[PDB]
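Novice: Chains as they are written, first to last, in UniProt numbering: chain C, 147 to 292; chain X, 1 to 340; chain D, 1 to 340; chain W, 1 to 340.
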Amino acid sequence: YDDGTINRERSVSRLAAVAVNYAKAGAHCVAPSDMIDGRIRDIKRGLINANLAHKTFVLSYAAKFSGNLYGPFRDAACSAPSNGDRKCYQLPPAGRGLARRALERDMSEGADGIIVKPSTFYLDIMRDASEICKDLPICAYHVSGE
Amino acid sequence: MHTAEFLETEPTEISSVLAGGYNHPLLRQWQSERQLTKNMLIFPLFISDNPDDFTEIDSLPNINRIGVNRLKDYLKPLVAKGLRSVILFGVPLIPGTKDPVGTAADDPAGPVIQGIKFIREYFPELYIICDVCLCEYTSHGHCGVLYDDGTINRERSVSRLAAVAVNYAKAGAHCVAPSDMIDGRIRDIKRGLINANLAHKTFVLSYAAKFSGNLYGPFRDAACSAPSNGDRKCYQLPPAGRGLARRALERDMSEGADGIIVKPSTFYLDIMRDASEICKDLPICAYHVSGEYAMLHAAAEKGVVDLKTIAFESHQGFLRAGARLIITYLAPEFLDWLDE
Amino acid sequence: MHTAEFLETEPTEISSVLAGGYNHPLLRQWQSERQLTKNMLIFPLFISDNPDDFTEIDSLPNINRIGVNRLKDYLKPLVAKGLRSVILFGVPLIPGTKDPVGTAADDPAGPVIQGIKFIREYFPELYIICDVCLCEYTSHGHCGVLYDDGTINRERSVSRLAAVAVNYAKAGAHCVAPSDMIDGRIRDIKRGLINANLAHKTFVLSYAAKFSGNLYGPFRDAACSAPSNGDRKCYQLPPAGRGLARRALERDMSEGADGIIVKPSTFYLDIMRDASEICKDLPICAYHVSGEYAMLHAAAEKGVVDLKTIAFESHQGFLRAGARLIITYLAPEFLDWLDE
Amino acid sequence: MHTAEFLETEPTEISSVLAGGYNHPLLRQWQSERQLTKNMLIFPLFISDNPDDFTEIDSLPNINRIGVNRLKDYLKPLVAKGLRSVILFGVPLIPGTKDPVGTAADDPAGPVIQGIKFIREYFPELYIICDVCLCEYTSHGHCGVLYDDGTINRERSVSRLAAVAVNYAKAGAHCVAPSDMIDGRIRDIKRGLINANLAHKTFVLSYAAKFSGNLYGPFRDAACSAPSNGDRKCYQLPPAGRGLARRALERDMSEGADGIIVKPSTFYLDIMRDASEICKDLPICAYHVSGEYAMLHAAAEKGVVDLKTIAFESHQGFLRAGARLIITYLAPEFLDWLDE
Ligand SMILES: *[C@H](CCC(=O)O)CC[C@H](*)CCC(=O)O
Ligand SMILES: *[C@H](CCC(=O)O)CC[C@H](*)CCC(=O)O
Ligand SMILES: *[C@H](CCC(=O)O)CC[C@H](*)CCC(=O)O
Ligand SMILES: *[C@H](CCC(=O)O)CC[C@H](*)CCC(=O)O
Ligand SMILES: [Zn+2]
Ligand SMILES: [Zn+2]
Ligand SMILES: [Zn+2]
């Protein structure tokens, strides 16, 4: 938005296109790492409309936490925010209840698998995920900081 | 021209929308199942049998071997800043003291019982926890009494351990924390306290889920307790052993534990979560071990993380995972930090 | 003309769409709750009291009666290929050896204890499991000691069984697996190991859910253990007995089992699933029995199935159902197969 | 002398004692969660478009391709013996009939709809189930309509499938059983029946948990439906896919299934158990597939098992695992067997 806050609808519209476009290019799996509300639904609908949903694994970063452990990644992918931080979309580290809800949401919206990130420092969320998302593959992201 | 494609999407579902819950720093606080307070912190002390000792270990700030004449200067400002509890470890450095059955463990002239009397005298409001084990006191460095083949003698070990724990309580410890991981030791320590008319006064804080691993290096240097031959893999739990941890938690609660410790902490947060279910009616305590503590210092010096920042992240993680208490070498820092 | 009718349908619901999860062979691997590794495999050995024995049974490749001087040539390439564990069954063929109380079961000159010493000597890294029962050693062929009326004497049986199991452990077995299904035998074997100062060294792997049925034919031929009069229906569980299986699982865990075996396997996969809940904190082991093994060979020769293919399908099914270990006569094949 | 050692043991614990529950053959019946009755049995029929056909397949007794003028002689004694239900599969052998969209699937002159009318006329008490899929009717042998790249076209497939299922119901089938495993097909078939004013008359029995594997050989020979290019691994579930099975079960129930089929049976008994929880309010049906059926025959000819005996063991296992219905090629045998 002009105020520097995230535009949900515009964002998920853009994100869904990028994900379809990668699949169209030949990616087997898309892993949305944006943490923007409802993006998995729009990406799944996008793949369905593209006749690609039966070919494309959606691996959501459903439980993705804000924190101090992404330093080196940011250096390698040169993606640091210019103004401010990710605290209003990445989950707050103490936010267990929000993680649990984000896990239920992303599975409900079409995720075939889920990523918990960071890993070691969020092992309890992995355990929470292993219950909520028991019928789905869970993937741990050992982040650059870890 | 490659241009920015935007897909046509449907109206927002209310079920998708989480953002209203954490858009402001006060809400990110509100989202915690429990807040970090000063009285949750337990600080380990290593007492030397040299009363004038103040030896720094591995260049870490909050791991020193301290003798009793040095304890009052050291604790005064800590207690000043709201420190509520300590966990004592003994380091008898005098030669000929260690033997195969850990005789010095409950030596009334030993640093643990000397420290207990010092602290009950000079800091009567401090809550005293003593570690209960034999590894700091056996010549072989193992947590129990051994068979001739070097394996652990269960019955002989728990018999010895139960005496040490009663003897600390008799000396004035408020809490005993058996760290030996020897099968059934909590039952024998509880029965021991009951027979001593001390069970109604003594909190038993079991190290119920205590894992073998690579994270105890610095501790071993400070308490000089490394095993002499082999390792702890047949009594400390194997890191992949979730099922064994769950059973050890049910066991220790059944045998009388008033509280449980999960150790190490960060690397075993999922066991904390498992403990928060099995042991839901008991206090859970996280032990931020010396390896975890020095790992954060190492990372912060190399510029990978910010020490205060990752310290808060790690310690909030304990609370997120179910712990309501924390043993940590960073207690002096948090007694300042939680002020601001 | 009859033409192809197509109904008008609504847009796809996201909830309907599962296909994104298994459209590629790596994903069909990802979908497994656990993968098949070499160290999960346990291979049965039938040791003969004739030290030069190498007798093939029922024309099956991986059921031979083998004497001790023949064991090293036989195990060497198996261990070569990563075999980690064996389960010993004794077959005393010398006349006058069998009697009504199974005296030869723990004969130090018997093939089980001879095999244990051979293997601890020549293959010190192999994990040794011994079957614990009397059927291979009684003249009447029953798993326990009998009353004069031919029915099982519980107390006399478990007393005998507990000694055999301690005696195998004393000889060097790492694990005992009581297959007798006689009420309360695990309690008595555990107490026996405890009294022998061996319980901290010996894994008790109970055949807790062991069913009577039609699938043990070939085994009986190889271990020569068929009952002489009647059958096992009053101690082995009745195939329809789900409630009794569930109770036998709770019982054996309560009495000290460190692990449990469900047997047979394929035909009792639902009991494996039941076990994975009741015994969630313990290793579950599937026994692919001789009847199940020869059934697959029979089917594959008649062209109904592909042996390697249905072998992988059946053994993945064990893991799907909750097992993390497998006793199987197809272990030599999987030690090659899991390479490719 | 080696003598028979007996350990000293404690008095029997009541908790150990299970034997009082199954010491008599009537009690071993009592222990079943449900008994095997005739009306639980569903027998598959393969109808040929040659009305005088009676072709035996793979030398198995209860897999024949039968034409309609031969059906009354064949069903009469079966129905005589209490057969309550049949599941129809069509085998159009006339050339030029198969095409890429399965047009002949609902051909009113086709063997399924001819068989439905024959049976409603001549056996008005028989409960008729028809398999709903396109594999027996497509030139390419796949269960759905394909994209030019040979992959399944979901929307086109479920549109076609829903019509076939309505058309069978319109013809007089009491039940449709979609075996296609194509995402969301049950929703579209249910909506189709609703729009046809037939949903209150038609049981939808989904093959919800239907696995890819090695056990469909003989069926493929009898219904001549083998895929021409490749296999069914991207729509049939992968054998290790427990999580996908559980989700497919929840999905199909949510989309309108009145009952569910788990297939194959013996090799997927744990999924039956999973289904008995998820789908506890619905009938569960086990499909003893042609591969499983011929495997038992193969084993019984080689002398590994007794056919009647392992047949009862396997079919009781279905019921033990949660099934209250069974599709089985052994129905003619059980209609005699359950008499004695
Ligand atoms: C998530 C966003 C990361 C971030 O920089 O906020 C996608 C990549 C995560 C890996 C991070 C790492 O390896 O540190
Ligand atoms: C448990 C035994 C530790 C060991 O060295 O095995 C009691 C003390 C644990 C704290 C260890 C640490 O701070 O690293
Ligand atoms: C259990 C008793 C078997 C029996 O013959 O009753 C111990 C061995 C089981 C393996 C049986 C097999 O492989 O068929
Ligand atoms: C499901 C599809 C079977 C297949 O050939 O893929 C419908 C019929 C199942 C019965 C198969 C059998 O009896 O082997
Ligand atoms: Zn210790
Ligand atoms: Zn036996
Ligand atoms: Zn089909």
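Beta carbons: idealized from backbone N, C-alpha and C, even for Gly.
1) Buried or exposed for W/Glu255, please, with buried defined as at least 16 other CB atoms from any protein chain shown within 10 angstroms of its CB.
2) In this structure, does DSSP put W/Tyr287 in helix, strand or coil?
3) Return yes when at least one heavy atom of ligand 3 lies under 8 angstroms from the C-beta of D/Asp131, else no.
4) Assuming D/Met272 and D/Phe318 make a contact with CB atoms under 8 angstroms, what is their CB distance in whole Å?
5) Checking contacts by CB at 9 angstroms: is W/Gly144 closer than that to chain D?
6) For X/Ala209 and X/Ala275, which I take to be in contact (beta-carbon distance under 8 angstroms), what is that distance rounded to the nearest angstrom?
7) For D/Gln31, return the contacting residues in chain C, with the cut-off set at a CB-CB distance below 8 angstroms.
8) Taking only the alpha-carbon atoms, compute the straight-line gap between W/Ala248 and W/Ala240 and give it to the nearest angstrom.
9) For C/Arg191, go through chain D and note every residue whose CB falls closer than 8 angstroms to its CB, in chain order.
10) Please confirm whether X/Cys135 has its beta-carbon closer than 9 angstroms to some beta-carbon of chain D.
11) Going by C-alpha to C-alpha distance, which of X/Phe211, X/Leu41, X/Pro264, X/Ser159 sits closest to X/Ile87?
12) Tell me which residues share the same chain as C/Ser157 and place their Cβ nearer than 6 angstroms to its Cβ, disregarding the 5 neighbours each side in the sequence.
13) Quick check on the DSSP output: the beta strand (DSSP E) that includes W/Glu333 runs from which residue to which?
14) Locate the alpha helix (DSSP H) running through W/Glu250, then write down its first and last residues.
15) Going by CA-CA distance only, name the one from C/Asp221, C/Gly213, C/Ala222, C/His288 that's closest to C/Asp231.
16) Buried or exposed, going by whether 16 or more other CB atoms sit within 10 Å of the CB of X/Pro124?
17) Cutting at 8 angstroms between CB atoms, please list the residues of its own chain near W/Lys98, excluding the five before and the five after it.
18) Does the separation of the CB atoms of D/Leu237 and D/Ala226 fall below 9 angstroms?
19) Measuring CB atoms only, is the stretch 68-86 of chain X touching the stretch 327-338 of chain X, in the sense that at least three cross pairs come out at less than 8 angstroms?
20) Indicate whether X/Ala222 and X/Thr202 have their beta-carbon atoms separated by less than 9 angstroms.
21) For a quick check, are the C-beta atoms of W/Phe54 and W/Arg70 less than 9 angstroms apart?
22) Show which residues of chain X have a CB atom less than 8 angstroms away from the CB atom of D/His200.
23) Whole angstroms are fine: how far does the CA of X/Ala199 sit from the CA of X/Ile94?
24) Since I believe W/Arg324 is in contact with W/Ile261 (beta carbons under 8 angstroms), could you give me their beta-carbon distance rounded to a whole number of angstroms?
25) At a cut-off of 8 angstroms, is X/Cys135 close to ligand 5 when judged by its beta-carbon and the heavy atoms of the ligand?
26) Going along chain C, which residues have a C-beta under 8 angstroms from W/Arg247?
27) Please list the residues of the stretch 103-122 of chain W that have a C-beta atom closer than 8 angstroms to any C-beta atom in chain D, keeping them in chain order.
28) With C-beta atoms as the reference, is X/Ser314 less than 9 angstroms away from X/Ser265?
29) From what residue to what residue does the alpha helix (DSSP H) around W/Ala169 run?
30) I'd like to know whether the C-beta of D/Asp336 is nearer than 9 angstroms to at least one C-beta of chain W.
31) By how many angstroms is the C-alpha of W/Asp106 removed from the C-alpha of W/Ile113?
32) CA-CA distance, D/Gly90 and D/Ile327?
33) Kindly list the residues whose CB is nearer than 6 angstroms to the CB of C/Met253, restricted to its own chain and excluding five residues on each side of it in sequence; keep chain order.
34) Taking all protein chains shown into account, do 16 or more other C-beta atoms lie within 10 angstroms of the C-beta of W/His2, making it buried, or fewer, making it exposed?
35) Looking only at its chain, what residues have a beta carbon closer than 8 angstroms to the beta carbon of C/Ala163, apart from the 5 residues adjacent to it on each side?
36) Could you give the distance in angstroms between the alpha-carbon of W/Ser290 and the alpha-carbon of D/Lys190?
Specialist: In short, the structure shows the following:
1) buried
2) strand
3) yes
4) 7 angstroms
5) no
6) 6 angstroms
7) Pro283
8) 14 angstroms
9) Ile14
10) no
11) X/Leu41
12) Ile182
13) Segment 331-337 is the alpha helix (DSSP H) holding W/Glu333; no beta strand (DSSP E) there.
14) 242-254
15) C/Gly213
16) exposed
17) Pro92, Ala104, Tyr137, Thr138, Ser139
18) no
19) yes
20) no
21) yes
22) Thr151, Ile152, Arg154, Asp183, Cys234
23) 33 angstroms
24) Rounded, the Cβ-Cβ distance is 12 angstroms, inconsistent with contact.
25) yes
26) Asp281
27) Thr103, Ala104, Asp106, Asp107, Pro108, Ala109
28) yes
29) 154-171
30) no
31) 7 angstroms
32) 17 angstroms
33) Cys279
34) exposed
35) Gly192
36) 46 angstroms
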